[PDB]
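Student:
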Amino acid sequence: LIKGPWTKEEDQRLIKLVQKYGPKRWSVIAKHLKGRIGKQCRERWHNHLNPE
Ligand SMILES: [N+]
């Protein structure tokens, strides 16, 4: 499956997954998010949820 815009529910789940796995295991994190691949999770984290 392929998803486009992120929902608030997905963002919340991503926050919890990064807390569990850390910001380097993107492939494992993506396995828990339907329709998402590792790079999408990485970009959502660095650009929107945890900006510099
Ligand atoms: N996925």
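When you line the sequence shown up against full-length UniProt numbering, it's residues 90 to 141, in that order. Just so it is clear, CB atoms sit at the ideal spot from N, CA and C, and this is done for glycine as well.
#1: Would you report the Cα separation of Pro140 and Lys109, rounded to the nearest angstrom?
#2: So, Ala119 versus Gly127, is the Cβ gap smaller than 7 Å?
#3: Counting only runs that start and end within the UniProt DNA-binding region "H-T-H motif" (115-138), where is the alpha helix (DSSP H) found for 4 or more residues in a row?
#4: To the nearest angstrom, how far is the alpha carbon of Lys97 from that of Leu90?
Tutor: Let me lay it out:
#1: 19 Å
#2: yes
#3: 115-119, 127-133
#4: 19 Å
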